[PDB]
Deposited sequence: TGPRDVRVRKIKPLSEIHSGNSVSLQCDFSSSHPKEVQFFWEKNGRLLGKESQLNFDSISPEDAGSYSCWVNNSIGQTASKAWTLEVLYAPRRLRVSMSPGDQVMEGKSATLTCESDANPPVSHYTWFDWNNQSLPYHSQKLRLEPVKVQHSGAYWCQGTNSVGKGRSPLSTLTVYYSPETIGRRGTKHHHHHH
């Protein structure tokens, strides 16, 4: 009888936690074809989302158990289409690129003065854009764990050559 459990955290595998699990003599662990430990338990001091994957042990081989890490939205950046240089009177679309697990439930958009703007989706269409709308904008993601902020990405509105 060979298998693996997640002793040490109740559940709720979040990136700040010190995670663990033990195999139930000569111990061996394995992830992605490489052995990561010869002890009975394979433990982490601070879990990172890339530590997530399918692990296995053998003392005869265990069956694959998938480690899943939940984390607040990270690496948020405001993309702009067609770009950050849009002519006045046309469209400027702001996309809040995100990476989270579970994915972002709702977004929140702000301007340079940290005033919330009435939009909740991942993409925000400004139309028609005005030269007064030139300035810094940033979004915010939210999920089960926490929040995530994006840096100030500015959009420039230029007049038309007439």
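- Residues 1-4, 29-36, 72-77, 181-194 of the deposited sequence have no C-alpha coordinates in the model.
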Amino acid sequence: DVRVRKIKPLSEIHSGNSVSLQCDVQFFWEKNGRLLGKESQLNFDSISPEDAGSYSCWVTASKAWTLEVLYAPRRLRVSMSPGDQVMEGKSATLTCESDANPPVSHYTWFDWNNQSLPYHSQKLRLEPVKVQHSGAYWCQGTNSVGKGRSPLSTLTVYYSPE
From here on, numbers count along this sequence of modelled residues.
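- Comparing the deposited coordinates for 42-50 and 102-110, the stretch with the larger average C-alpha B-factor is 42-50.
- Mean C-alpha B-factor is higher over 9-17 than over the other stretch, the pair under comparison being 9-17 and 145-153.
- Out of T93, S134, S62, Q122, the entry records its largest CA B-factor for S62.
- When the C-alpha B-factors of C57, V129, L35, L117 are read from the PDB record, the largest value belongs to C57.
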